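Peer 1: Sequence lines, in order, name chains G and U.
Residues 75 to 124, 129 to 315, 333 to 359 (UniProt numbering) are what the first sequence spells out, left to right.
Residues 75 to 124, 129 to 315, 332 to 359 (UniProt numbering) are what the second sequence spells out, left to right.
Please see the structure below; I have some questions.
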Amino acid sequence: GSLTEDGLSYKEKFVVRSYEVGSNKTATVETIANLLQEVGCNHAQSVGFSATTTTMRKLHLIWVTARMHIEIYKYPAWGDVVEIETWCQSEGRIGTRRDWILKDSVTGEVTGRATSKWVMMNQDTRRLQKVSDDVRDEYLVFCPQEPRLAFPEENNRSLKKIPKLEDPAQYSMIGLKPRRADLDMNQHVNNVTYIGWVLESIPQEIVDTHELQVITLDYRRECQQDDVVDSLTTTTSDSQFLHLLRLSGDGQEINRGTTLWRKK
Amino acid sequence: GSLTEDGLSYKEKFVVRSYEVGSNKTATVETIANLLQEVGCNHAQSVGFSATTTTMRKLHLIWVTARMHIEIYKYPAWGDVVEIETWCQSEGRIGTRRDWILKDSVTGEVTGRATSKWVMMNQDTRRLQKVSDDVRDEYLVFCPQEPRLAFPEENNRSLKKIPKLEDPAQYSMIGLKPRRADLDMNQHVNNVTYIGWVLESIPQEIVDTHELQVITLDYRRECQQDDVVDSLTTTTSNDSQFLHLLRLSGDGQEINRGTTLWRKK
Ligand SMILES: O=C(O)c1ccc(O)c(Cl)c1
Ligand SMILES: O=C(O)c1ccc(O)c(Cl)c1
Numbered sequence: 075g076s077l078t079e080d081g082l083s084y085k086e087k088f089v090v091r092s093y094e095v096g097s098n099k100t101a102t103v104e105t106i107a108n109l110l111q112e113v114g115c116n117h118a119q120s121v122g123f124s129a130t131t132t133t134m135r136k137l138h139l140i141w142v143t144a145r146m147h148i149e150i151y152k153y154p155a156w157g158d159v160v161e162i163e164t165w166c167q168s169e170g171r172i173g174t175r176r177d178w179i180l181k182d183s184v185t186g187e188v189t190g191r192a193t194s195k196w197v198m199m200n201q202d203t204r205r206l207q208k209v210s211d212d213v214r215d216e217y218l219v220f221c222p223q224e225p226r227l228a229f230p231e232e233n234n235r236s237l238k239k240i241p242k243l244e245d246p247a248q249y250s251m252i253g254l255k256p257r258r259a260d261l262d263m264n265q266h267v268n269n270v271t272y273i274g275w276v277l278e279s280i281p282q283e284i285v286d287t288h289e290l291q292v293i294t295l296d297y298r299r300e301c302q303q304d305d306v307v308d309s310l311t312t313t314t315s333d334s335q336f337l338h339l340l341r342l343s344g345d346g347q348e349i350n351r352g353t354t355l356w357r358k359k
Numbered sequence: 075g076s077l078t079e080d081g082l083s084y085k086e087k088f089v090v091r092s093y094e095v096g097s098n099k100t101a102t103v104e105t106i107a108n109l110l111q112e113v114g115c116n117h118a119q120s121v122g123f124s129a130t131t132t133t134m135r136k137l138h139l140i141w142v143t144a145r146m147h148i149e150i151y152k153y154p155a156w157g158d159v160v161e162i163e164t165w166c167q168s169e170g171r172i173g174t175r176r177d178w179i180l181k182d183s184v185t186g187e188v189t190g191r192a193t194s195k196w197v198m199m200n201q202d203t204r205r206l207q208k209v210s211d212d213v214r215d216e217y218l219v220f221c222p223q224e225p226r227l228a229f230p231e232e233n234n235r236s237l238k239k240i241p242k243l244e245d246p247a248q249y250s251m252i253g254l255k256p257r258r259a260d261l262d263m264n265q266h267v268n269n270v271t272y273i274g275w276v277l278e279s280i281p282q283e284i285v286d287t288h289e290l291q292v293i294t295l296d297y298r299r300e301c302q303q304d305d306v307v308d309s310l311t312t313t314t315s332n333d334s335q336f337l338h339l340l341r342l343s344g345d346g347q348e349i350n351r352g353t354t355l356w357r358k359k
């Protein structure tokens, strides 16, 4: 991987692995989400991050994911090479955004795109915050100053508000628990694990006859290492679904989302 | 990755990823096990498999894992490059073996080694069998003819018989279930998922003060997609050793047994 000529975006190529593909012999959406996080981390390292800036370390602040939105046109097959370009942009004091574009390395065609929203949090208290001028100033040195959007269109799916699923859910997968492989180096549940848990309650017949085209996921609260989660899904329709992840006991919401599937 | 000059082994380099490392900022043993399977798959593809041979496809036969044995001296850090060399060898009619050697790409030092035993099974009936002469002759053209062992030693750990853990277990993790990401392209539970499940019942205090040096795992029966597993561990021992058992949550049918050896950090 390398920063591009202008130093305002980063590109990396990945060869799809045998264990990264599903029943269709193409990369799963969880594999795609892991590659997005990997190229994001390599970009952060290339421009001087630990991921935190110097002012953030002084104030004990961290970036936390608020939303992930991914649209896939074609999933790469086992052995194929996918090139992913990523960049960040400040969104004033709301937070920051990281966008991605995925391409078939051979044809150069766009095979997918993604966008994510990040908010500032005090690492100790876990209290959300607005971004200060100091953090925005140092962030502006590695971001394009004119807007660059993976999802440019006004009123596009990536910004749509997601409603809360009402009981009874049409489908459910209960008692989901993270294992040590689901945790990151800081013992926090990996963001991709929540995508896997959401998809667990999609019925097998849909997975057998459709391919996932779009997923939008809000992250409200973290699942701790000793927590247990229930995954709930209801058909809202192409097939569309509404999703809810909540703690198995008291029902505290941890994520809500929507998926759109197209028939094979 | 590429076959070596003589065409009897395969090498591949991997850059360790951010999500592949654990609390020590080095690759987990599950990451190592996934890289071993990946270089094994790339080797099989480079020598014509599709991982069945022509005679196996005609007779509806497949290779299934019987045992995995891994020893790690040093785990690669995030961003490091690890080079893995792999090769296969026939073991007469018993089955086949795949061995691996892991090296630090910069120093060229050996940082780990692994060996696995595979047995032939009919894909439909699931009945184990001996290797036929046609299959033995077919894969002999891609294997070294003089023995090449990752674990050459006289009475080495890789071949040690593993006993069955007796109840009550000292530690347990109950109700483990595979999710869709734990399945391979044929909807079978990935071999690395069982390693993760074994390790789940090791207490956190051991994980915080020790590093895993050796794991030996026998595979007896598969966990199906709708099965639920219980992971059981008992301390058998500056080094800590454990005995492991994975069994179905309901009737207690054994699916795996193993041992781990941990050295203090
Ligand atoms: O292999 C598959 O089809 C597969 C894998 C993961 C996942 O979450 C889904 Cl919905 C399907
Ligand atoms: O992050 C770790 O320390 C880690 C990860 C996986 C695993 O199985 C164990 Cl025992 C530890």
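From the three backbone atoms N, C-alpha and C, an ideal C-beta is built for every residue, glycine too.
(1) Would you please state the rounded distance, in angstroms, between the beta carbons of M251/U and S309/U? I believe it to be under 8 angstroms.
(2) On the criterion of 16 or more Cβ atoms from any shown chain inside 10 Å, does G274/U qualify as buried, or is it exposed?
(3) For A259/U, go through chain G and note every residue whose CB falls closer than 8 angstroms to its CB, in chain order.
(4) In three-state terms, what does DSSP make of residue 361/U?
(5) Out of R171/U, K242/U, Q302/U and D286/U, which has the shortest C-alpha to C-alpha gap to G352/U?
(6) Any residues whose CB sits closer than 5 angstroms to a heavy atom of ligand 2? List them in chain order?
(7) Taking the continuous beta strand (DSSP E) assigned at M263/U, which residues delimit it?
(8) Out of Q111/G, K99/G and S76/G, which has the shortest C-alpha to C-alpha gap to residue 362/U?
(9) Sorry if obvious, but does the Cβ on residue 127/G come closer than 7 angstroms to a heavy atom of ligand 1?
(10) Mapping DSSP to helix, strand and coil, what is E79/G?
(11) Would the C-beta of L261/U count as close to ligand 1, meaning under 7 angstroms from any of its heavy atoms?
(12) From this set, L290/G, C301/G and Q282/G, which residue's C-alpha is nearest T271/G's C-alpha?
(13) For ligand 1, I want to know if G344/G counts as a neighbour, meaning its beta carbon is within less than 7 angstroms of at least one of the ligand's heavy atoms.
(14) Please state whether the Cβ-Cβ distance between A155/G and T100/G is less than 8 angstroms.
(15) May I have a chain-ordered list of the beta strand (DSSP E) segments no shorter than 3 residues that lie completely inside the region 156-213 of chain G?
(16) Where do the N-terminal and C-terminal ends of the alpha helix (DSSP H) with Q282/U fall, by residue?
(17) Any heavy atom of ligand 1 within a distance shorter than 7 angstroms of the CB on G274/G?
(18) For a cutoff of 8 angstroms on Cβ pairs, would you count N268/U as touching chain G?
(19) Return the residue from the list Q207/G, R235/G, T130/G and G170/G that minimises the CA-CA distance to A192/G.
(20) What separation, rounded to the nearest whole angstrom, lies between the Cα atoms of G253/U and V306/U?
(21) Measuring alpha carbon to alpha carbon, tell me which of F88/U, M199/U and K152/U ends up nearest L137/U.
(22) Confirm the yes/no value for this check: CB of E224/U, any heavy atom of ligand 1, distance under 7 angstroms.
(23) In chain order, what residues of the same chain have a beta carbon less than 8 angstroms from the beta carbon of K181/U, not counting five sequence neighbours either side?
(24) Got a sec: does ligand 1 put a non-hydrogen atom nearer than 7 angstroms to the Cβ of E283/G?
(25) What is the DSSP secondary structure of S236/G, reduced to helix, strand or coil?
(26) Starting from the Cα of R226/G, find the closest Cα among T174/G, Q248/G and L277/G and give me that residue.
(27) I'd like to confirm the pairing. Which residues does DSSP put opposite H338/G in its beta bridges?
(28) Can you tell me which of the three DSSP states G253/G falls into?
(29) Going along chain G, which residues have a C-beta under 7 angstroms from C301/U?
(30) For ligand 1, any of its heavy atoms closer than 7 angstroms to the Cβ of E104/G?
(31) If you measure from the beta carbon of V90/U to each beta carbon in chain G, is any gap under 8 angstroms?
(32) Please list the partners that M146/U has in chain G, where partner means a Cβ-to-Cβ separation under 9 angstroms.
(33) Which of helix, strand or coil does DSSP assign to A228/G?
(34) Going along chain G, which residues have a C-beta under 8 angstroms from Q265/U?
(35) Can you name, in chain order, every residue of its own chain whose Cβ lies under 7 angstroms from the Cβ of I240/U, other than the five neighbours on each side?
(36) Which residues in the same chain have their Cβ closer than 7 angstroms to the Cβ of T105/G, if we skip the five residues on either side of it in sequence?
Peer 2: Let's see:
(1) That pair is a contact at about 4 angstroms.
(2) buried
(3) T102, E104 and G274
(4) Lying outside 75 to 359, the shown extent of chain U, residue 361/U is not represented and no answer is given.
(5) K242/U
(6) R258/G, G96/U, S97/U, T102/U, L277/U and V285/U
(7) Where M263/U is concerned, there is no enclosing beta strand (DSSP E), given that its DSSP letter is neither H nor E.
(8) Nothing can be reported for residue 362/U: it is not among the residues displayed for chain U, which extend from 75 to 359.
(9) Missing from the coordinates is residue 127/G; the shown part of chain G jumps over it, going from 124 to 129.
(10) coil
(11) yes
(12) Of the candidates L290/G, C301/G and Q282/G, the residue whose Cα lies closest to the Cα of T271/G is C301/G.
(13) no
(14) yes
(15) 159-169, 173-182 and 188-200
(16) Where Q282/U is concerned, the enclosing alpha helix (DSSP H) stretches over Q282 to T287.
(17) yes
(18) yes
(19) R235/G
(20) 6 angstroms
(21) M199/U
(22) no
(23) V160, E161, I162, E163, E187, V188 and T189
(24) no
(25) helix
(26) Of the candidates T174/G, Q248/G and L277/G, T174/G places its Cα closest to the Cα of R226/G.
(27) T311/G and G352/G
(28) strand
(29) Here the premise fails: no neighbours, minimum Cβ distance about 14 angstroms.
(30) yes
(31) no
(32) By Cβ distance, chain G contributes nothing, its closest Cβ being about 15 angstroms from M146/U, past 9 angstroms.
(33) Correct three-state label for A228/G: coil.
(34) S97
(35) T294, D296, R351, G352 and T353
(36) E94
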